[PDB]
Amino acid sequence: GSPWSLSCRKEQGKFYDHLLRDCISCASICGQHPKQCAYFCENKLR
């Protein structure tokens with residue numbers, strides 16, 4: 001269905017950035033990440 005197939009899982013939490021077409025993490029960008037990674041370090045959680 002979706003284009004989510006070339007993603008990579010190095011840690012427990014991660015995500016796929018379309019605009020980048022690559023697999024980006026959420027913990028590595030804590031504090032300066034999109035809304036998708038809000039569940040890691042943001043109002044959604046912290």
# chains A, B, ... in the order shown; residues from 1 in each chain; ligands from 1
>>> residues_around(residues="residue 32 of chain A", least_positions_apart="5", cutoff="10 Å", atoms="only C-alpha atoms", output="PyMOL selection string")
chain A and resi 26-27+37-38+41-42
>>> residues_around(residues="residue 15 of chain A", least_positions_apart="6", cutoff="12 Å", atoms="only C-alpha atoms", output="PyMOL selection string")
chain A and resi 4-9+21-29+33-40
>>> select_by_dssp(residues="chain A", states="strand (DSSP E)", output="list in words")
residues 14, 15, 16, 17, 22, 23, 24 and 25 of chain A
